[PDB]
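> I'd like to ask you about the structure that follows.
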Amino acid sequence: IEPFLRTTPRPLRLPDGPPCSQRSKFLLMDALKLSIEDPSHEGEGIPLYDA
Amino acid sequence: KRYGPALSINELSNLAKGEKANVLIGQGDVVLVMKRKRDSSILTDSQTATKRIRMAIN
Amino acid sequence: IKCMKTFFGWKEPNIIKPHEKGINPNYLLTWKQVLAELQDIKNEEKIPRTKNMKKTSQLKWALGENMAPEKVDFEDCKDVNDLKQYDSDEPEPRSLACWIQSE
Amino acid sequence: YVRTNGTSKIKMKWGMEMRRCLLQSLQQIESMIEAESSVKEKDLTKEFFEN
Amino acid sequence: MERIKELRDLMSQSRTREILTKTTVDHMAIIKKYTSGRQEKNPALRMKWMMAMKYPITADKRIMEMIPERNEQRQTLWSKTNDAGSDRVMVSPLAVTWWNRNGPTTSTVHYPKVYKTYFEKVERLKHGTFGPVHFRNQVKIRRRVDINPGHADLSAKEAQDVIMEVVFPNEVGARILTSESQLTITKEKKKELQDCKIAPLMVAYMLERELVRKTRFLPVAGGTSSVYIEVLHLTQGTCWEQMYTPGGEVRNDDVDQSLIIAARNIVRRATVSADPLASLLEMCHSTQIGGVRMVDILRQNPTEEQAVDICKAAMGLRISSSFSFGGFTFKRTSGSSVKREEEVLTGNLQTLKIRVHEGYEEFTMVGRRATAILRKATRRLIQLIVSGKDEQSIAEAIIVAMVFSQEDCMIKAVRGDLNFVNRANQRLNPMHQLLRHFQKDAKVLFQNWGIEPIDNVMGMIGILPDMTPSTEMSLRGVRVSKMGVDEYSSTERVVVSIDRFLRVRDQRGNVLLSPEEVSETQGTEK
Amino acid sequence: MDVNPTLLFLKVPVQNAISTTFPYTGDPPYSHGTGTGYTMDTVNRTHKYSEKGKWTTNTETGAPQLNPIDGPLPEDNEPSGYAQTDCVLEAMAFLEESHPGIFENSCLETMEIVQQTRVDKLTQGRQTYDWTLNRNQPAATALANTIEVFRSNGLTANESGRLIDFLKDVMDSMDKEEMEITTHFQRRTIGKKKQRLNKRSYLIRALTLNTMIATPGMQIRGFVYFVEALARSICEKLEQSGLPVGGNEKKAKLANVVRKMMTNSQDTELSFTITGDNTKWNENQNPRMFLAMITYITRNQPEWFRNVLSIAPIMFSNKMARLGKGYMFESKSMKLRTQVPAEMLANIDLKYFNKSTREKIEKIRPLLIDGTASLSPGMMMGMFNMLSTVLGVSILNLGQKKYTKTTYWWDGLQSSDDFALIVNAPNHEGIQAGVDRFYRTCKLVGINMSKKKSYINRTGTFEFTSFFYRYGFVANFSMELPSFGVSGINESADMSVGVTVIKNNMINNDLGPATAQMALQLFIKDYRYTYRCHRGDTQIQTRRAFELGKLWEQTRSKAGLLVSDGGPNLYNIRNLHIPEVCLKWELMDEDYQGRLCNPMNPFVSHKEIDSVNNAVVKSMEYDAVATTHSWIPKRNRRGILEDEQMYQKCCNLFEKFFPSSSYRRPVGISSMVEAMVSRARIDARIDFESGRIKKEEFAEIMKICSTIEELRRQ
Amino acid sequence: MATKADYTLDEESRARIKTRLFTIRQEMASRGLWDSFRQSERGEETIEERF
Amino acid sequence: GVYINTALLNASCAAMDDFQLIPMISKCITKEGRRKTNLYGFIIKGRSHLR
Amino acid sequence: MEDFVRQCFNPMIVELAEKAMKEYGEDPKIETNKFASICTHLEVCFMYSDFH
Ligand SMILES: [Mg+2]
């Protein structure tokens with residue numbers, strides 16, 4: 001049994017190299033959306049018409 | 001075969017007292033059955049011989 | 001106890017006309033408890049003056065102990081959707097029935 | 001931003017399951033709420049969500 | 001016709017004919033497990049994918065004559081196609097909804113009758129009563145509990161027989177046609193379901209669900225009745241609780257009490273008899289409990305008591321390797337002990353012939369109102385832990401445990417004679433007499449038992465001799481847990497030996513059960 | 001300000017907020033971490049741990065084999081499988097001494113199980129390595145194929161219908177001099193193919209583990225099954241075990257052990273708890289050790305029982321591990337890819353493989369026989385978990401104060417993979433001595449405790465198989481949140497399963513009221529989206545929307561319609577247990593009620609009882625009313641059987657004549673064909689009698705029945 | 001079967017014995033033990049299971 | 001993400017061997033309580049002959 | 001099987017079968033096919049001689 005008392009632990013060493021790159025499926029904080037406040041146009045609901 | 005063509009269980013009710021016929025029991029097992037004539041049951045069997053052999057052993 | 005012992009027509013209790021706005025099964029359960037407690041008393045020898053029924057779920061439910069609203073200051077219950085003044089509403093009118101005449 | 005990506009049926013299903021994330025969050029706070037209620041013997045939804 | 005022509009086609013081929021003629025009907029269900037298909041992993045993903053198709057629902061050929069090809073909007077309901085492996089035509093959810101909105105209509109008079117269980121749940125909920133919630137620490141003791149109220153508690157075999165007679169009238173096995181007891185329930189159901197078009201397999205499954213008993217191991221903190229288990233989610237929580245009462249009908253039977261009384265009478269009257277074994281056997285074979293022979297009930301009911309256990313041992317069966325002492329079901333858990341006979345002089349100058357266990361044994365006891373553990377050495381009480389709702393339960397449990405320990409310290413602490421005799425005027429064994437004596441009064445023993453300090457830790461508190469909580473001092477090896485202790489999780493049933501004296505002896509030579517341990521209380525036969 | 005939820009562990013103790021340390025809610029969508037290289041590493045490391053043992057040559061397969069048993073005592077802390085037979089026998093002796101009669105009663109129950117079991121049980125396993133086709137196949141199809149091959153090879157003991165009969169059939173097969181495999185070519189024309197396997201080839205195929213972790217063939221299922229039955233029987237009677245109990249009993253066991261070890265501790269005794277894991281469980285469990293312990297367990301027993309129980313370890317001790325698909329070679333110059341099967345890995349140059357793979361192949365070449373590596377020492381997962389648990393519990397039980405002869409003494413649980421020791425002693429020197437003795441004894445028995453994954457803290461807190469114990473509070477996260485999406489059986493089945501799983505989580509999984517309400521909301525939304533059954537009022541323009549709109553415009557009591565027919569959801573913590581059709585039966589309109597429940601609708605299908613109102617996931621049972629919304633969805637889709645569906649075709653047309661066959665396992669001595677013949681004759685006779693059938697049909701039926709009789713007699 | 005077909009008992013008792021044995025067979029089969037029982041009979045003696 | 005993956009899978013099943021243009025659309029409720037529609041971007045799916 | 005024999009037949013006949021086998025130094029718990037055969041034998045014997 002090795003004593004564990006307030007001094008033994010150390011931080012975990014991260015790997016060195018270049019900065020890591022985004023890999024998400026889609027944009028998260030840099031997205032922009034083209035908006036229509038009220039889709040009251042003909043044939044509403046279909047994704048193509050709204051787009 | 002002598003007793004006649006096999007009957008369905010649902011139609012056994014037409015059998016006369018003590019008449020014996022062929023009926024399909026289980027999942028397709030034709031057997032020859034009869035109505036009872038002696039008003040007994042299978043429970044009382046072996047009781048007399050049970051007591052007799054119990055006396056014999058002891 | 002002696003008056004009860006004079007009857008022997010006891011059946012299994014069952015509900016014919018149930019309490020529409022109430023607890024029907026627990027009435028049956030508490031009646032059964034009463035009968036069983038009386039038999040247990042009969043089984044005793046040094047019977048005291050009176051016997052107190054043990055606390056049971058059906059007993060509390062029939063009495064209403066478990067249906068009694070609790071107590072809390074108005075500060076901690078003001079924000080209740082259906083918190084209203086006691087139902088001081090005039091009871092609904094009822095037509096005259098011939099059974100009181102017979103009574 | 002144009003990019004080329006790939007998706008598998010399992011990945012699409014896991015994407016459509018993201019709403020379950022909601023539940024997870026609640027399951028970690030409610031317990032805490034309940035915990036304090038146990039130590040206080042009273043509800044604590046208001047004294048937490050409105051205090 | 002179609003069936004016989006298909007059979008002829010099957011017989012034409014060599015392999016199908018060989019399998020038909022070789023395999024006996026007994027093994028039919030064995031060749032029903034030889035499926036060459038492939039089970040669909042992750043069926044949720046498969047369903048999501050399938051629903052997008054045009055015709056993901058399979059219907060039968062007859063649909064072609066009732067549902068037209070297209071509706072008013074010319075949508076395609078059913079397609080001229082067939083499934084992979086059969087002639088099931090392909091149809092879309094549109095077909096289902098069209099059938100619902102415009103299909104032929106009938107009377108569902110039998111649906112409530114077939115589905116009485118679900119509608120019973122509906123009624124029980126519809127007439128319930130609620131009460132104020134309470135927030136506090138919740139203790140959910142774990143135990144076995146019923147599931148489905150409204151059951152007849154029939155054995156699976158009996159339920160199968162009833163179903164076979166009810167819905168399969170002309171396909172019943174030989175046992176029924178060589179049977180006499182035509183159960184009243186069977187005729188009742190046959191009358192109820194006279195003209196029922198529901199699928200017979202559905203009817204059979206529903207009757208099986210309705211007439212069978214089921215039990216589950218759950219943590220409960222309140223009412224344990226069957227109708228109180230179906231709403232356990234609504235009633236008990238980790239920090240809260242809900243006052244609720246079902247408003248249907250309870251079917252609490254009483255046959256268990258009748259069996260208790262019958263077994264007690266049999267043992268009490270056979271212990272004095274010349275040949276208790278054969279005598280008790282003859283009685284059990286020729287006795288009827290409410291119109292049914294007691295043998296069926298003994299084989300069916302899972303009762304646990306000294307009288308019934310000794311009856312099983314005499315008849316020959318498996319019983320729990322434990323004894324219900326002082327109203328508490330005991331169970332050994334660890335260690336081993338050896339039984340030694342000795343003579344002990346009490347504090348009243350009374351000599352008693354006793355048999356004490358020597359060894360470092362451990363037991364768990366579960367009573368009606370408490371749960372406890374006891375580690376005992378050779379004639380030495382080592383550790384005792386108890387947890388109970390009330391102080392009186394605590395005290396009775398501790399008294400039972402200490403009398404079981406049979407230590408020498410309490411022997412000198414006996415005050416008054418121990419001449420208790422049961423209602424039959426049969427001398428009681430020394431341990432039971434000591435148990436009753438200490439039940440009557442144990443203050444003197446408490447004063448002279450043992451007192452020592454205890455370290456204070458969370459979750460457990462001490463007890464002073466006057467049976468009051470304490471944190472700084474308690475009795476020797478006596479402690480109480482502020483949290484409920486979960487009961488025993490399993491029981492061991494082992495082969496046991498029974499002597500003519502109705503004493504059950506274990507394979508190691510020790511004794512397990514005795515008629516003297518049977519309570520002499522009298523009840524009434526419901 | 002930077003969000004850093006880990007700091008939350010400065011106020012909320014780790015155990016209380018452990019839910020935050022579990023990232024995924026469900027199966028992560030990659031399922032990686034397996035391959036042929038992994039099998040090479042496993043074989044190499046297993047033979048490394050046992051390298052110091054004796055090297056022998058098997059007389060049947062000719063493969064080298066290793067024997068670490070009774071090897072030299074370990075000198076270092078590296079994992080060693082050099083178990084001693086004498087020590088394990090002494091440990092088992094003490095275990096029996098402290099639990100007399102456990103072995104005997106377990107043996108009796110196992111004997112009963114052996115006697116009563118059936119062959120078809122082996123169709124309830126997972127993916128299985130069909131040796132006949134030399135590839136993975138379903139359990140049912142694999143069993144059918146093995147039965148076909150044995151029948152073609154004059155082995156029909158399994159025809160009796162008993163598992164032990166199938167084991168005797170396998171016994172007959174493996175001593176056979178040659179095995180003949182027949183196959184059909186299903187297109188274009190059909191042909192036949194015959195293949196002959198010598199004794200050694202079939203022997204190797206029987207002792208192979210296809211690796212995809214690995215799955216043995218039908219040869220070695222029954223023996224391990226019976227040994228597992230024995231181990232389960234022994235463990236059911238042990239308090240310190242951790243199997244095969246469920247979620248609720250684990251908490252009780254943990255609380256019991258901790259209270260027993262803590263309360264019994266006096267004011268002058270120090271207690272500690274070691275939460276630990278085993279270095280490499282299945283790589284250091286020598287089959288010989290299990291054979292020795294089974295020999296001790298089955299002392300003074302019938303010889304047939306002893307041999308049936310001893311075959312499994314004997315079979316496993318000379319087992320072969322397959323090397324999967326092979327390797328992939330890519331050339332960038334011509335962008336050319338090829339697949340090299342592992343079979344030729346024995347005789348392929350060592351220049352196409354990187355350094356690590358070169359080392360693996362160099363180490364594994366001497367042990368490679370017929371494309372399979374001989375792995376005598378060590379074991380594979382998922383087969384001998386319970387017996388290993390028994391051995392662990394034995395070594396734990398050895399800790400009783402009487403055995404140790406000194407002040408220190410230990411106890412605790414053991415669930416094979418992980419464990420939690422508890423040690424009591426007077427001083428910290430006593431605790432150290434107790435832990436040292438426990439460690440050395442575990443080493444001698446051949447068990448290595450993961451020193452890195454195992455930590456020791458004063459009694460009160462620990463972990464055990466994802467159950468976190470903190471001062472009496474036990475947190476359960478073994479399975480985490482279940483799948484609340486539509487299971488995918490059908491409309492009614494999915495609805496019932498979702499509501500029932502929410503209810504069960506509330507009862508057992510400590511789920512909250514608000515959490516249950518949100519789960520119900522999410523489930524109803526998912527259901528409505530999936531089944532195109534959106535509200536009749538709402539406009540979402542799906543394929544089904546028009547008909548639902550017409551239905552809604554037709555009915556009157558729109559609150560009664562089912563969710564799948566465009567109706568409001570009426571569930572809550574109140575009525576989670578009520579089936580939908582009942583929950584709103586009273587409100588249902590008369591015409592909608594009649595149509596929805598018309599039993600002559602063509603969309604209702606019922607299968608055998610085992611698959612009625614029950615779903616396989618472990619399995620769960622749900623309650624629902626058989627309505628028009630109980631349809632069954634469409635099915636999606638070298639073979640020894642000429643017609644894969646001959647058995648399914650055969651069982652069908654039995655249900656026709658005898659519907660009861662679907663409900664209960666039919667029993668009869670007459671062959672089937674005569675059963676259909678008699679039933680058909682009786683039915684035709686009564687049908688004629690009624691007047692709904694004329695003379696021509698009667699004559700045709702009797703001619704056909706007579707012809708079937710002649711066909712079957714010949 | 002019997003010698004000369006001179007069955008001592010009357011049809012009723014023969015039927016009773018036949019039917020008792022038939023029911024025993026059906027129960028043994030439904031309990032998954034009929035096969036082993038029929039197997040263990042070797043001529044005129046019953047032998048222990050051997051493996 | 002839920003909308004993206006739902007549209008992707010539905011088009012994949014419905015359009016097996018075509019290049020389908022799938023707008024990335026979402027719906028929302030503004031502070032004024034108006035049904036707003038947002039267009040993040042577009043997605044083009046390749047061959048969806050998935051087994 | 002052994003449990004089935006114990007439950008399905010009259011217990012007295014079970015006792016007779018047990019005694020008859022124990023005469024040969026056999027244990028039913030090790031051999032049950034012989035036990036069931038002997039129980040069937042005694043049952044058919046006592047059925048034959050009954051009610052006459
Ligand atoms: Mg661990």
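The chains in the structure tokens are called A, B, ... from first to last as shown; in each chain the residues are counted from 1, and the ligands are counted from 1 in the order shown.
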Would you mind listing the residues within 9 Å of ligand 1, counting only C-alpha atoms and all ligand atoms, as a PyMOL selection string?
chain F and resi 274-278+414-415+417-421+453-455+462-466
> Would you mind exporting N, CA and C atoms of the selected residues as a PDB file, in the first residue's frame?

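Contents of the output file out22.pdb:
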ATOM      1  N   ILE F 274     -10.766  -2.551  -0.317  1.00  0.00           N
ATOM      2  CA  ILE F 274      -9.956  -2.533  -1.526  1.00  0.00           C
ATOM      3  C   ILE F 274     -10.900  -2.759  -2.696  1.00  0.00           C
ATOM      4  N   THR F 275     -11.176  -1.703  -3.455  1.00  0.00           N
ATOM      5  CA  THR F 275     -11.913  -1.839  -4.704  1.00  0.00           C
ATOM      6  C   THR F 275     -10.917  -2.241  -5.781  1.00  0.00           C
ATOM      7  N   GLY F 276     -11.136  -3.388  -6.428  1.00  0.00           N
ATOM      8  CA  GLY F 276     -10.112  -3.958  -7.275  1.00  0.00           C
ATOM      9  C   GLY F 276     -10.677  -4.597  -8.526  1.00  0.00           C
ATOM     10  N   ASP F 277      -9.795  -4.711  -9.515  1.00  0.00           N
ATOM     11  CA  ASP F 277     -10.057  -5.411 -10.759  1.00  0.00           C
ATOM     12  C   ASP F 277      -8.910  -6.382 -10.998  1.00  0.00           C
ATOM     13  N   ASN F 278      -9.158  -7.378 -11.839  1.00  0.00           N
ATOM     14  CA  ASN F 278      -8.189  -8.433 -12.103  1.00  0.00           C
ATOM     15  C   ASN F 278      -7.390  -8.098 -13.356  1.00  0.00           C
ATOM     16  N   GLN F 414     -17.198 -11.087  -5.004  1.00  0.00           N
ATOM     17  CA  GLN F 414     -16.412 -11.420  -6.189  1.00  0.00           C
ATOM     18  C   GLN F 414     -17.378 -11.672  -7.334  1.00  0.00           C
ATOM     19  N   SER F 415     -17.277 -10.875  -8.394  1.00  0.00           N
ATOM     20  CA  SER F 415     -18.103 -11.027  -9.586  1.00  0.00           C
ATOM     21  C   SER F 415     -17.239 -11.329 -10.804  1.00  0.00           C
ATOM     22  N   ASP F 417     -15.006 -10.459 -12.936  1.00  0.00           N
ATOM     23  CA  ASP F 417     -14.214  -9.384 -13.524  1.00  0.00           C
ATOM     24  C   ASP F 417     -13.611  -8.488 -12.447  1.00  0.00           C
ATOM     25  N   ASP F 418     -14.429  -8.039 -11.498  1.00  0.00           N
ATOM     26  CA  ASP F 418     -14.020  -7.093 -10.467  1.00  0.00           C
ATOM     27  C   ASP F 418     -14.323  -7.682  -9.095  1.00  0.00           C
ATOM     28  N   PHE F 419     -13.909  -6.974  -8.046  1.00  0.00           N
ATOM     29  CA  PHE F 419     -14.176  -7.430  -6.689  1.00  0.00           C
ATOM     30  C   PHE F 419     -13.936  -6.281  -5.718  1.00  0.00           C
ATOM     31  N   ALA F 420     -14.301  -6.525  -4.460  1.00  0.00           N
ATOM     32  CA  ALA F 420     -14.166  -5.538  -3.389  1.00  0.00           C
ATOM     33  C   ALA F 420     -13.835  -6.293  -2.106  1.00  0.00           C
ATOM     34  N   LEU F 421     -12.566  -6.262  -1.717  1.00  0.00           N
ATOM     35  CA  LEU F 421     -12.144  -6.879  -0.469  1.00  0.00           C
ATOM     36  C   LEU F 421     -12.381  -5.926   0.697  1.00  0.00           C
ATOM     37  N   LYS F 453      -5.611  -0.609 -11.235  1.00  0.00           N
ATOM     38  CA  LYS F 453      -7.043  -0.353 -11.158  1.00  0.00           C
ATOM     39  C   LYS F 453      -7.616  -0.563  -9.763  1.00  0.00           C
ATOM     40  N   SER F 454      -6.818  -1.038  -8.813  1.00  0.00           N
ATOM     41  CA  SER F 454      -7.291  -1.364  -7.475  1.00  0.00           C
ATOM     42  C   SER F 454      -6.750  -0.356  -6.472  1.00  0.00           C
ATOM     43  N   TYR F 455      -7.650   0.264  -5.709  1.00  0.00           N
ATOM     44  CA  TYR F 455      -7.271   1.226  -4.684  1.00  0.00           C
ATOM     45  C   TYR F 455      -7.974   0.896  -3.376  1.00  0.00           C
ATOM     46  N   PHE F 462     -16.803   2.423  -1.731  1.00  0.00           N
ATOM     47  CA  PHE F 462     -16.164   1.537  -2.701  1.00  0.00           C
ATOM     48  C   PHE F 462     -17.003   1.513  -3.977  1.00  0.00           C
ATOM     49  N   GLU F 463     -16.583   0.671  -4.919  1.00  0.00           N
ATOM     50  CA  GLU F 463     -17.342   0.407  -6.132  1.00  0.00           C
ATOM     51  C   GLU F 463     -17.321  -1.089  -6.407  1.00  0.00           C
ATOM     52  N   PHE F 464     -18.349  -1.560  -7.110  1.00  0.00           N
ATOM     53  CA  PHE F 464     -18.441  -2.977  -7.454  1.00  0.00           C
ATOM     54  C   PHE F 464     -19.373  -3.112  -8.651  1.00  0.00           C
ATOM     55  N   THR F 465     -18.817  -3.487  -9.802  1.00  0.00           N
ATOM     56  CA  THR F 465     -19.589  -3.657 -11.034  1.00  0.00           C
ATOM     57  C   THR F 465     -20.549  -2.490 -11.248  1.00  0.00           C
ATOM     58  N   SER F 466     -19.980  -1.290 -11.358  1.00  0.00           N
ATOM     59  CA  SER F 466     -20.700  -0.056 -11.654  1.00  0.00           C
ATOM     60  C   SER F 466     -21.682   0.343 -10.562  1.00  0.00           C
TER      61      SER F 466
END
> Within 8 Å of region 14-26 of chain I, counting only C-alpha atoms, which residues qualify if same-chain residues fewer than 5 places away don't, as a ChimeraX atom specification?
/I:5-6,9,31,35,38-39,42
> Using only C-alpha atoms, determine which residues of chain F fall within 6 Å of chain E; present them as a list in words.
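Here they are: residues 98, 140, 141, 252, 267, 487, 488, 506, 507, 544, 551, 594, 595, 596, 599, 602, 603, 633, 634, 644, 647, 665, 667, 668, 669, 671, 672 and 673 of chain F.
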> Show me, as a list in words, the residues that have an atom within 7 Å of region 19-28 of chain G when counting only C-alpha atoms, minus same-chain residues fewer than 5 positions from it.
residues 174 and 175 of chain E; 667 of chain F; 33 and 34 of chain G
> Pull N, CA and C atoms from the residues just selected and write them as an mmCIF file, in the first residue's frame.

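The resulting file, selection00.cif, is shown below:
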data_model
loop_
_atom_site.group_PDB
_atom_site.id
_atom_site.type_symbol
_atom_site.label_atom_id
_atom_site.label_comp_id
_atom_site.auth_asym_id
_atom_site.auth_seq_id
_atom_site.Cartn_x
_atom_site.Cartn_y
_atom_site.Cartn_z
ATOM 1 N N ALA E 174 -55.756 -36.397 -23.353
ATOM 2 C CA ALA E 174 -56.408 -37.560 -22.763
ATOM 3 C C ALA E 174 -56.715 -37.356 -21.287
ATOM 4 N N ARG E 175 -55.938 -36.514 -20.603
ATOM 5 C CA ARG E 175 -56.146 -36.315 -19.173
ATOM 6 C C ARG E 175 -57.532 -35.748 -18.889
ATOM 7 N N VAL F 667 -48.459 -33.221 -27.867
ATOM 8 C CA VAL F 667 -47.885 -34.503 -27.477
ATOM 9 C C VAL F 667 -48.732 -35.615 -28.074
ATOM 10 N N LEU G 33 -39.444 -36.392 -20.296
ATOM 11 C CA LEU G 33 -38.741 -37.541 -19.747
ATOM 12 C C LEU G 33 -39.140 -38.850 -20.412
ATOM 13 N N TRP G 34 -40.115 -38.831 -21.323
ATOM 14 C CA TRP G 34 -40.569 -40.064 -21.956
ATOM 15 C C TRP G 34 -39.467 -40.724 -22.772
#
> Would you pick out the contacts of region 54-68 of chain C at 6 Å or less, using only C-alpha atoms, so that residues sharing its chain but fewer than 5 positions from it are not included, and give the list as a list in words?
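Surrounding residues, per the criterion: residues 26 and 30 of chain C; 131 of chain E.
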